[PDB]
Every structure is written in C-alpha cells, then in structure tokens.
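**Q** Before the rest arrives, take these chains from my complex:
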Amino acid sequence: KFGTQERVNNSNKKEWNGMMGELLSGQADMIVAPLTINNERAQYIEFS
Amino acid sequence: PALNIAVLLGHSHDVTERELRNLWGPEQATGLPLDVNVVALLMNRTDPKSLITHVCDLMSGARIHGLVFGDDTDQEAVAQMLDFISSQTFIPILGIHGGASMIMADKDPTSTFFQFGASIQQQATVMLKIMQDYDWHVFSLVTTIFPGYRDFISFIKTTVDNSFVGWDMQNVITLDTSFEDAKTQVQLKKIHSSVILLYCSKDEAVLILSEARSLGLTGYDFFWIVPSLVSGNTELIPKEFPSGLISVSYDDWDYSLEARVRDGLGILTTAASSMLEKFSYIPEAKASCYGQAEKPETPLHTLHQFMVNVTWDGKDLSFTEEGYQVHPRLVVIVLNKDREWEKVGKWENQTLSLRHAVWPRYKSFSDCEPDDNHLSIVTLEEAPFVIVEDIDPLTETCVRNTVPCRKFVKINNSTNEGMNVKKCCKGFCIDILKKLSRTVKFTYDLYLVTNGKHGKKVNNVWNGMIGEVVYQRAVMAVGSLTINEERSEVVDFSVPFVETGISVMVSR
Amino acid sequence: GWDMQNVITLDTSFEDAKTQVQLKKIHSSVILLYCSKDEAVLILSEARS
Amino acid sequence: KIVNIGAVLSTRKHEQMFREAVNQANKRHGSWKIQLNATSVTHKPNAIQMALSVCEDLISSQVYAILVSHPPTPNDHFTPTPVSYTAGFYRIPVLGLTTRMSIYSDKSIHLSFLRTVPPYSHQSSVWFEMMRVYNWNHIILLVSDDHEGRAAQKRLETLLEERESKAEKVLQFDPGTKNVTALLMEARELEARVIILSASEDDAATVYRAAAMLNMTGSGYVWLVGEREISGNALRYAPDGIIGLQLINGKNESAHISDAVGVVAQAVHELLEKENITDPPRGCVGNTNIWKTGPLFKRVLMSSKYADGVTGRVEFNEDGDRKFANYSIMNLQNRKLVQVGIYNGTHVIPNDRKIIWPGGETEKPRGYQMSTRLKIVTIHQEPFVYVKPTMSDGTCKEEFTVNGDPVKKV
C-alpha cells in the first residue's frame, strides 16, 4: 500500500499505512517511490 | 468454600437488612463451586472514624473477602476514604451510590477499589457523540481552574485530532478568576453561534451562565453541553440555568439501588468463581487492621486481574485496568421548558440512542428572542431532485454536498407508529435549498414527508406537500413540486426555477 | 456595486444582552458609525472589547 | 479566641521547635486578639493509626490547619496520604512540609492540601531552561508508567508546546523492571542525544546500569535528571558527567516548619477579619458536615505571600504547590557531587565551576548527532522500481542497457 489515512478497529484512532505508516513510526526516514503529492499526505509529512 | 460479602447502606434508603439478604436468593446456581453468605449493615452517617471502625469490625468478625458500600450523601471524600481503606486492607471495594458513586481520578496501584461510574473521559466521549449526531461540528471550549480541566482539554484535543469528522474547534477559554471583574469578558465575547462546552463547578456554573446571559450567549442557536459535575443534584435547579442545557450523567431513575446491589454482588461472585476456576482457593482475609503486622501483606493471588473479564447474567459490567466500567450507564438529559431534568438519550454498549432524532428548539429564557430564522422544511425523494441515502459507514455522518434529513419509518405494518431515522438528502432541490440558506440567512431542519405523495386533495383534505404546508406543519415545501391551479389557490408558490410540463415516453 | 450587508440600531443600553449579538453580526472591515461623542466612546470601547 | 493548629511530625524535638515557632508567630502577630495554640502528634507505623489518631487528637481539638512531614525512617511511601484524606473530609487545610510527591498536586484527589515544597514534577521546567540555555531541541524521555512519570511527561509536553516543539520519542517503562535493555536499545537507534529520566531510585540505578552496559554514557551524550536519580543507590551506579537537581532546603525540617507556621498564622489573622466565620468541626465521629469556611481559609492560604522566610519567598501556585524555588544544579565529577550553578524562580545562573560532560570532554556537546545511514522504504513499481530475486551468491546478475552502461543496483 502506498498509504491511506485509515481508522483502526480499536478506539477509532487514525493511522497511516505503507510508506507513511513506516515513516511516521520511525522505521524509515526518506522515501523514493512514485508517491503522489496531495493535501492529505502533506499535512503530516513534507514532500520535496 | 463460603464467601463473605458485607453490604453497607445508609438510613436514607428504605431498604432493610433482611431485604438485602433476600436479594441473594435467586437459587439457580449462581456460583458453581462456591456459596455466598452476604451480611448487611446500615450506618447513620459517613465519616472517617466510624467508617474505618465499621469496616474493620466487619473484616475481623465476618472475615469478609469483599465489600460493597452504598452511600447516601454527596460527599466526594468518602471515595478516597474507601480507596485508602482498600489499599490498607486489600479488600475489593465497590462503589454503588452517593459519594462512592462520584469519581476520583487516580486510584492507588495496590488498592482494589472499583466504582460504578464513568470518568470525565467517557462523559466527554458522549458529549462528542451528541455533537456528531446533531452535526454540531463547530464549537468552542470554556473551562476554569477546577481540577481535572487539564485532563478534559487533553482528552478533547486528542479526540478532535483523531476523528474524521470536521470538528471545527474554534477556541479554548480558561477563566482563572475574576469572572465579572476583568480579563474574562474579552474571551467570552469572541465565541460565535456554536456549541459551548463548559466544565466547572455548579456554584461557578451559575456565575458563568449569568455572565453568558448578560453577554447574550444563550440564544436559540446556542447549545451548551455540560458534564454531570455541574448538574450535580437533580432535584435542585438554580434559576440561572437556561432551558436547553444538554447534560450527561449517571442514571439514577431506572438503575435502582436494589439492582445496583445485585449487580455488585454478582460481579463479586463472578470474580470469585473465575479465581476459583483459575487459582486454587479463596485467600482468607487479613488478620486485623491494627497491630502493625510484620509482613509485606501482598497476597499471592488477588482479584484485581479478575474483574477485568466479568459477565453477569444479562449485562457486561467489566472494568478497566484503572477501574472504570467498560459499558457505563450514561443518560443524556436536558432542561425542558418545565425547568426539570428530563431524560432524552442513553449510552449502551458504545452506542448512543436519542429519543429526538432532530433537536427541538428550546426557549432559553422568558425574554429570549422568538425563533424566526429556523424553518421546518418538507421534502419527498425524487430521482433527479431529492436523493435520500443512508448515513456514511466511514464518517458516521452525512457526507459533503448532503444535508441531514429525518424520515419517519415505521417499525412494521403491524404497529401504527415509527421512529425518525436521520438519513442524508442531496440533489438539485437540496442544493437550491443550501444556496437559499446561505443567501437569505435562515436555518432549517429538513424532514421527509410520509403522509401522502406530492400532495392531493381527498375529502377536502390535502395530503403530502400541500397538506403538510397548509396545516402549519412546515414553512416551505422544497422539492419536485409542480405548480397547479388548486395548489396555487391553497398555498403560495415561488417563481418556477425550471420548466416541468407533461410529456410522453415511448420505446424507440 | 456597494455591499450594504445590514443596518444596526442601538436602541437600548450598550452593555445588556442586546447590542452584543447585534454587534457580533458585523463581519465587514468598514463600519459607518453615527451617534454623539459620549455614546461613540461607549460603542467604540465595546467594539474594542 | 484560642485557635488550634495541628502538626503531625516525626520526632519530639520537631514538635518542640514547632511549638517554639508557634509562640514566636503569636508574639510577632500579637496574642491580644487571638492566641494561637499548638497541638502535635507523633508518627506511628500504621496508616490506620494515622486515620484514627488525627480524628482522636487533631479533629477533636478543633484545629484550623494541619502540618505534616515525613517520618524519620527513610521509607516515604505516601506517608501523609491518610491525614491528607481525613482532614480533606472537612476541607481542613493540610500543609506539606517535606512531601515532594506529585500525586498530592492533583486537587481532585486531595480536596484540601497545601505544601511549601515543590513536587517531583516541576524539575521539568528547570530542565526546559537547560534547553533554552544550551540550545537543545531534540530530547529523549524515560519517564515511568506510574503517576509521577505521567505527570512529569504531561507537564514537560505542556511547557514544550509553547515552543511548538515535541520530544522525539517518549520511552515509558513499568516501575521496578529488572530488564530495561529493550527501551535503551530502541533509544540508541534514534537521533537525539539528550536523555531525560524521571523514575525512582531503584529504577534509576537499573537504567543507569543498563545504559552503561550499552556504552550510552560516553562522549556525545548528555544526561539530565532529577533529585531521586542522584541520591542514594542511584548515585552509586551513576556515570560521571550527569546533571541533576537538588533543592536547597528540601530536607530541612526546621525551616519549613517555621515558614509554614508563619504563613498559616498570617492567613489565620487575615481570615479572622471577615464575617460569618464558622468554627471548625469538633470530633471526627458525630460530625459529618464539612467546614463552611474551609474553602475560604484555603483560598486565603492560596493568595498569601509570606514576606521573609528562611527558605525564601513562600508562594503557592494555582495547584497549591510551592512556587519560585531555588534549585542547585548538580554535576557528578570524578564520582563526587559538585554544584555547577543555581536556578532561581525563573532563570538559571551558572558559577565559576567548569561543567564536565560525560566522557571527560569539557565543551558543550551538540544536542544530537546527524545519522548518515538513512532507512529507505520502497515499493515494487514496474516502470520505476524493478525488484528481482537474488542469486545464490547474495547478488543478482548484472545487466547492461541498450547503450551498454551497467544498471545501478541495490
């Protein structure tokens, strides 16, 4: 998965999966991928 | 093995010790490997010395392995008193009524004290559930230096940050002191028409509401949702409280004291059965409160991990790690025009059910300006103009370019009544209505028509659109309304915004 | 193409419930005020607050 | 006319000089209008004994305020908790002489409690000044899962959000955990080199031992901790170069007793000039009603500023806790404790002593080290990211484009 803001089953907490799920969790710190720039993803992480 | 539980009440309630003992008489094998010898007691008044002496006497004499305390007064300190007693005696204590039912924040880690109540967090959760159900996304926040306000603001900020609903939080107000003197009016003056969440004490709530009314913050379009702490004692209502104050509280009407005690003893019995089926045997109580026994006093096995997963006969009364009900019994009440707390909604198994699908307008005060910009609007589902859909499974609210709209759907053909389900309406006519509301600056509560179909005069009585509008049940009829001679005679029509004649459809 | 949104009349006192919701209806950047100096002081102080 | 004040203290001589301080306060304020009587109770091992004794001796004596200190025994497991509850029944104010626990700061738990000593949560603010002085922006937290660690973390985040900055990670551990190597291992891979600890003595010693075993006490790292982490057993295993905090008069019972007696006498004199004053309840048993003027006297204590105190200017914040305290910033050099500066109520002032950071170097270390090994995440996209199974040798066959140039592969 590239990444999508999704609700988790418990406590209805927002989370990211895929690239930004790994990135916001500290597992990765930079992404080289065909990642489209949009409003939703730019709010939490920054794009060159 | 026999398990001893003491039940302590006050003289305010009419329940006697014999009735308390008979409450443990179901006789369908409640505890498979164990039987309970419940002992009852009544106390004149609650205070530290008498309370500790009584609990120590019950522990030493009956060798009780548990205790359920039902308080009559509204003194909050008895909660911490019972918590301290539990910490010093390792006896599982349950809070039922009165001061034992009002919540303290952080329990001792080594104390087995559980309560029949909900934290400020659950109260805030049901506030936001009310707000989302009525689509009051825009709101403000005014608080005081009353303890627990930091936790409340942190929880609401976490919730708004982690919710897909828009939740347009305007501002946060924290009145330290000198409400009517200075440095407080300027903050209160910048809250616009929205929901104002107030968290303070009742005595401070009176002053806050007086200041708000003096500043004109208590209009028809102002809704205040407040916790049980400001509502407090139901029977007393200060004159400063305007009608329409939505509040959430632990139910004291339906959930009676006898049911309270039965539930508490059931939780204790279920925990005992669980520990028996898991561990070896019930640990005997402590030797005594006094004497300063030279021992770590920590039992090898305790019930603390066993009330987390408890299921009674019909209900699930499980507790959290810090000691809150997973499914607490919360009711949403409002101050009606009769100046009395009347229940509206209820919170069962993480689901909020409201009696009123649409929020009725409440006159805050006798001198309040009459509601004129709020109009009752009817509509009928038409394929190109009025499309009606269910609620969004994702956001649990009406999506963009849609408006709330209640449909009176019957349970079944057997009954002669139904409930109002809040669906979402969109389309050409709804878009026109949105533009009309934006321009003319009027508010609406759209609702589907269920009497007729597009209007018809039968037996000199109009149904549908014309019937609803003529009998003063609505202000305007927005929808696929064909302008007709009889309709124009009966009601007044606007300028036609689209040509709608009669035509023929045939197969090619 | 003037944009005259609304006309505001302060008939009652400037500190009661009225003339507070009435003033909050002002969303423009330009306000045409007409009164005497003493009432002007009170209205301007209320607007500043 | 006579006014009773209860003071549960550790030793006989403590209540003796408490009585002397009460007499001095009566002399300085004047006993012609009100005579300030003094009653005291000695500590007992059992908390139930505390609960019964405060009723039998203190409440029955119609006291106005209660002064509580720690027992002579080094154990301090919530010693003032019983009395603070019992006098909280009638909203009777309790003065915390030397109780530095942050659980008492929660006003919704202890209905009526005051103290002249700051808790274990305010040090974070002092730590903030460090990041303001030494220019540190990335911070590592090692708070515990108890109420102390949660309160410290909450206050630190509340103070940091004013800077619009947040701790990079907040590592949390249960109290009394023998093995904490996993959390420090997680902290090693991170970028920040500013480590903050807020834990008990045993937990601090355990985490220090684990970090020393992981070479986290060398050059390039900085350790900033509180008072528990540089006192007792935690000092035994504490690596050199750590920075701690020490209150000037945290363990001085006499000065706290004197200033508390003075401030409560001043507040009593201020209150007794008002109207409709209600006498305190008499007897623990038979009186279930709270003191009507109890909250009023608590507020009078709350806004009272004692002029000339031995410990300094006595002032209480909105939480009822001591404000504007002087902290001796503590540095561990060659296994010896030396003062490297003092922090007043607002600002930190260094001294002639030279600070020795861990590792033996003297210059101020950088807040973090820029990690040059970036963790890269990528997905399989055919036109952009080809992925192929590797061969048996650990790589895959090299390939050349139409121009003959080899393809760059990872």
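**A** That came in fine, so what should we check first? Residues are numbered from 1 along each chain as shown, chains lettered A, B, ... in the order given.

**Q** Residue D:337 contacts residue D:231, correct?
**A** No. Between residue D:337 and residue D:231 there is no contact under C-beta atoms under 8 Å: 9.6 Å. Every C-beta, even on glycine, is put in place using the N, C-alpha and C of the backbone.

**Q** more crowded one of the two?
**A** residue D:231 (18 against 15; other C-beta atoms under 10 Å in any protein chain shown).

**Q** Tell me the spacing between the closest residue to that one other than its chain neighbours and residue D:232.
**A** Setting aside the residues directly before and after it, residue D:231 is nearest to residue D:201 in space (C-beta to C-beta, 6 or more residues apart in numbering or on different chains), at 6.8 Å. From residue D:201 across to residue D:232, the span is 5 Å (C-beta to C-beta, to the nearest Å).

**Q** Stretch B:368-381 near chain C at all?
**A** No. Using C-beta under 8 Å from any C-beta of the partner chain, stretch B:368-381 stays clear of chain C, with a minimum separation of 8.5 Å.

**Q** Next, the buried residues of that stretch.
**A** Buried residues in stretch B:368-381, counting neighbours by 16 or more other C-beta atoms under 10 Å in any protein chain shown, are found at B:368, B:375, B:376, B:377, B:378, B:379, B:380, B:381.

**Q** wait, what's in contact with the fourth one?
**A** Taking C-beta atoms under 8 Å, 6 or more residues apart in numbering or on different chains as the criterion, residue B:377 is in contact with B:433, B:444, B:445, B:446, B:447, B:474, B:475, B:476, B:477, B:478.

**Q** following the host helix or strand of it, which helix or strand comes up?
**A** Residue B:377 is part of strand B:374-379, with elements assigned from DSSP states H and E. The element immediately downstream of strand B:374-379 (helix or strand, assigned by DSSP H and E) is strand B:387-389.

**Q** So which bits of the helix or strand following that following strand are buried?
**A** Along the chain past strand B:387-389, the next helix or strand (assigned with DSSP H and E) turns out to be strand B:403-410. Across strand B:403-410, burial judged by 16+ other C-beta under 10 Å covers B:403, B:404, B:405, B:406, B:407.

**Q** What are the contacting residues of strand B:403-410?
**A** Strand B:403-410 is contacted by residues B:135, B:357-358, B:379, B:388, B:398, B:417-426, B:430, B:433-434, B:445-448, B:450 when judged by C-beta under 8 Å, 6+ apart.

**Q** Stretch B:146-163 too?
**A** With contact meaning C-beta under 8 Å, 6+ apart, stretch B:146-163 is reached by A:12-14, B:105, B:120-121, B:124-125, B:128, B:141, B:143, B:167, B:169, B:172, B:174, B:197, B:199-201, B:204, D:106-108, D:154, D:158.

**Q** Could you export that stretch as PDB, CA atoms only?
**A** Provided in PDB are the C-alpha atoms of stretch B:146-163 (Å, rounded to 0.1, in the frame of the first residue of the first chain):
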ATOM      1  CA  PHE B 146     -11.300  23.400  38.600                       C
ATOM      2  CA  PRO B 147      -9.200  20.200  39.000                       C
ATOM      3  CA  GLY B 148      -9.400  17.800  36.100                       C
ATOM      4  CA  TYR B 149      -9.700  20.500  33.500                       C
ATOM      5  CA  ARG B 150      -6.200  19.800  32.000                       C
ATOM      6  CA  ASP B 151      -7.200  16.100  31.600                       C
ATOM      7  CA  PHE B 152     -10.500  17.200  30.000                       C
ATOM      8  CA  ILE B 153      -8.900  19.500  27.500                       C
ATOM      9  CA  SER B 154      -6.200  17.000  26.700                       C
ATOM     10  CA  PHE B 155      -8.800  14.300  26.000                       C
ATOM     11  CA  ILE B 156     -10.900  16.500  23.800                       C
ATOM     12  CA  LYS B 157      -7.900  17.700  21.900                       C
ATOM     13  CA  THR B 158      -6.800  14.000  21.300                       C
ATOM     14  CA  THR B 159     -10.400  13.200  20.200                       C
ATOM     15  CA  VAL B 160     -10.700  16.100  17.800                       C
ATOM     16  CA  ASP B 161      -7.200  15.300  16.400                       C
ATOM     17  CA  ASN B 162      -8.200  11.600  15.900                       C
ATOM     18  CA  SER B 163     -11.700  12.000  14.400                       C
END
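
**Q** Chain E comes next; put it on the structure above:
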Amino acid sequence: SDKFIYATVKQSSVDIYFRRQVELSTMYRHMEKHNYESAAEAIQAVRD
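**A** If we add chain E to the chains shown above, we get the following:
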C-alpha cells in the same frame, strides 16, 4: 453499471482523490468493491 467494471489500487492516492470529490462520490461507491491490492494485479486483470 454492473456490466462495465472499473477499479484501481486499494489504499493509494487515487482512492483518496475519488473519496474527496463531491460529484464523483456515487461512482466511488462502485469503486470500493473491486479495488485491487497492487498495480500489477490490476494491469493483469485488464489484460485478460
């Protein structure tokens, strides 16, 4: 309709985009029940 079926990669930029528009929401409801896990799988499905 039920005869013409079109979909895309589940949990990607295009899903967020189609969820965001106000007019296309209806076809987004046709879109959610056929989303593929990866681009290659969708390309193969179109191929056959």
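
**Q** Chain E added, so what about the contacts of stretch B:146-163 now?
**A** By C-beta under 8 Å, 6+ apart, stretch B:146-163 touches A:12-14, B:105, B:120-121, B:124-125, B:128, B:141, B:143, B:167, B:169, B:172, B:174, B:197, B:199-201, B:204, D:106-108, D:154, D:158.

**Q** just the buried members of these?
**A** Among the contacts of stretch B:146-163, those classed as buried by 16+ other C-beta under 10 Å are B:120, B:124-125, B:128, B:141, B:143, B:167, B:169, B:197, B:199-200, B:204, D:106-108, D:154.

**Q** hang on, the earlier thing: the contacts of stretch B:146-163: which ones sit near chain E?
**A** Among the contacts of stretch B:146-163, no residue sits close to chain E (C-beta under 8 Å from any C-beta).

**Q** follow-up on the earlier one: tilt between the strand holding residue B:377 and strand B:418-426?
**A** Interaxial angle, strand B:374-379 versus strand B:418-426 (axes from the mean of the first three to the mean of the last three C-alpha atoms, to 10 degrees): 90 degrees.

**Q** Indicate the residue of chain E located nearest to chain C.
**A** With C-beta to the nearest C-beta, the shortest gap between chain E and chain C falls at residue E:22, namely 25.7 Å.

**Q** Spatially nearest residue to that residue (excluding sequence neighbours)?
**A** Residue E:22 sits nearest to residue B:401 (C-beta to C-beta, 6+ apart), 4.4 Å away.

**Q** which residues touch the one you found?
**A** By C-beta under 8 Å, 6+ apart, the neighbours of residue B:401 are B:426, B:431, E:22, E:23, E:25.

**Q** Now the two most distant members of those residues.
**A** The span of the contacts of residue B:401, defined through C-beta to C-beta, is set by B:431 and E:25 at 13.9 Å.

**Q** sorry, back to before: looking at the buried ones among the contacts of stretch B:146-163, which one is closest to residue D:58?
**A** Nearest to residue D:58 among those, with distances taken as C-beta to C-beta, is residue D:107, at 21.7 Å.

**Q** how close does that closest one sit to residue B:199?
**A** With C-beta to C-beta as the criterion, residue D:107 and residue B:199 are 14 Å apart.

**Q** Then residue D:261?
**A** On the measure of C-beta to C-beta, residue D:261 and residue B:199 end up 37 Å apart.

**Q** If you count residues, where's the longest helix of chain A?
**A** As assigned by DSSP state H, the longest helix anywhere in chain A is helix A:18-24.

**Q** Partner strands of the next helix or strand after it, with direction?
**A** Reading on from helix A:18-24 to the C-terminus, the next helix or strand found by DSSP H and E is strand A:30-31. Applying DSSP bridges, strand A:30-31 is found paired with strand D:376-377 (parallel).

**Q** next one: the strand it pairs with to chain centre, how far?
**A** 41 Å (C-alpha atoms, centre = their mean, to the nearest Å).

**Q** Also stretch D:204-213?
**A** Worked out by C-alpha atoms, centre = their mean, stretch D:204-213 lies 21 Å from the chain centre.

**Q** Next, the contact list for the residue nearest to residue B:242 when sequence neighbours are not counted, please.
**A** What sits nearest to residue B:242 in space, not counting adjacent residues and going by C-beta to C-beta, 6+ apart, is residue B:364, at 3.7 Å. By C-beta under 8 Å, 6+ apart, residue B:364 lies in contact with B:213, B:218, B:219, B:220, B:222, B:242, B:243, B:244.

**Q** redo that, cut-off 7 Å
**A** Residue B:364 is in contact with B:218, B:219, B:242, B:243, B:244, counting by C-beta atoms under 7 Å, 6 or more residues apart in numbering or on different chains.

**Q** is it true that the fourth one touches residue B:338?
**A** This means residue B:243. No. Shown here, residue B:243 and residue B:338 do not form a contact pair, counting by C-beta atoms under 7 Å, at 8.7 Å.

**Q** More neighbours: the two, which one.
**A** Legend: neighbour count by other C-beta under 10 Å for residue B:243 and residue B:338, higher for residue B:243 (17 against 8).

**Q** Up against chain A, what does chain E have?
**A** With C-beta under 7 Å from any C-beta of the partner chain as the criterion, chain E meets chain A at residues E:11, E:12, E:13, E:15, E:16, E:17.

**Q** secondary structure class for the last one?
**A** The reference is to residue E:17. Three-state assignment for residue E:17 (DSSP: H, G, I helix; E, B strand; the rest coil): helix.
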